[PDB]
Ligand SMILES: N[C@@H](CCC(=O)O)C(=O)O
């Protein structure tokens, strides 16, 4: 199924639940600027290979667009457009002065050396310089892209820009040595934890000593479990990676689980825990469940058997819309996927602010500001959910589209 068409259908479903003019919907259904460029690099053997690069800016009514760059062999122009459309709503729901943007290169980075990767980043910057900038379009790290490529890209942009302005702020996710920001490694987990705490407050639940289950034990899942156990004082009872899963009644130690996974390549055979599967984790009876792994793990097949009371969609769209309806019917409070993991883009916004201002904050200030933003966004989404009697995902979509529509109307782009 085409990603851009799914995004458009999602937008139309959201518009069904709110009062928006037809011209505004038609404007929002089309990216405002799409740039496709050729990216030529010199290979180590001396030959020149040309790659295809994309840079889609869906909307910039609220401010400069924001979005990461993907380096995937199966990259398409439609995926870029859909992800830029999603990024628009993601930055709108958390109330940032940002638009929607996305970039990508059709390349397999596993077969590229470090020098070839640097050449690719510099050539991409040289190609898309005319449509990016500190106040025009701020790229970010994404799949198969790391802060090292961000630093290379920033260096190339500063070289082209002749240091005439805040070249640090042209791109986020940079190393701390060059315009980096603190708390960029646990941004998603921190935002998810804040949203879970706000959900527990809204449901009247004391999380102290409660049970949490985390599916996926990568960067987001591990840090989410660790932060939950530390800050929320809850009991982490079960985790699971792509290989397998483990379950413990009393509770596990996430640091020990990560050490075991590093030692043996998987979380399986952990002492004091019973080896289980991802599925058995899904129907595990816990107060909070945080799927932080491969998307679409909750479908119609297993929606009715979910015993979780709070489902924090840390991953990108892990719940099927029919599964969404089934979970809403049972009275389970869900958190929209693009609202729960909005901590990363919020911390990227903080990094951009620090780069623009030339003044950098500490870990405590970043954590406090992230807490404030996540708490306010979640409370607004929940209030819309309760007032309009619609789904949480639908409420978040309504909030984001309403903000973007108001920004468009204030600019005079749409007269209705
Ligand atoms: N948060 C975005 C990435 C873009 C960014 O962090 O700036 C995503 O994972 O979809």
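Numbers run from 1 along the shown chain.
Quick reminder: no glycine exception, Cβ is built from N, Cα and C everywhere.
If you check Swiss-Prot, you get these features:
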- 102: active site (ACT_SITE)
- 216, 217, 218, 219, 220, 221, 222: NAD(+) binding site (BINDING)
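Secondary structure at the residue listed as 'active site', as computed by DSSP, is strand. For the pair residue 220 (NAD(+) binding site) and the residue listed as 'active site', the Cα-Cα distance reads 21 Å. Residue 217 (NAD(+) binding site) sits 26 Å from the residue listed as 'active site', taking the C-alpha atoms as the reference points. The separation of the residue listed as 'active site' from residue 221 (NAD(+) binding site), Cα to Cα, is 24 Å. Around residue 220 (NAD(+) binding site), a 10 Å sphere centred on its CB holds 25 further CB atoms from the protein chains shown.
Under 8 Å, Cβ to Cβ, and six or more positions away along its own chain, residue 216 (NAD(+) binding site) finds 240, 241, 242, 291, 292, 293, 294, 314, 315. Rounded to a whole number, the distance between the Cα atoms of the residue listed as 'active site' and residue 222 (NAD(+) binding site) is 27 Å. In sequence order, 214, 223, 224, 241, 292, 293 are the same-chain residues whose CB sits within 8 A of the CB centroid of 216, 217, 218, 219, 220, 221, 222, the residues recorded for NAD(+) being left out.
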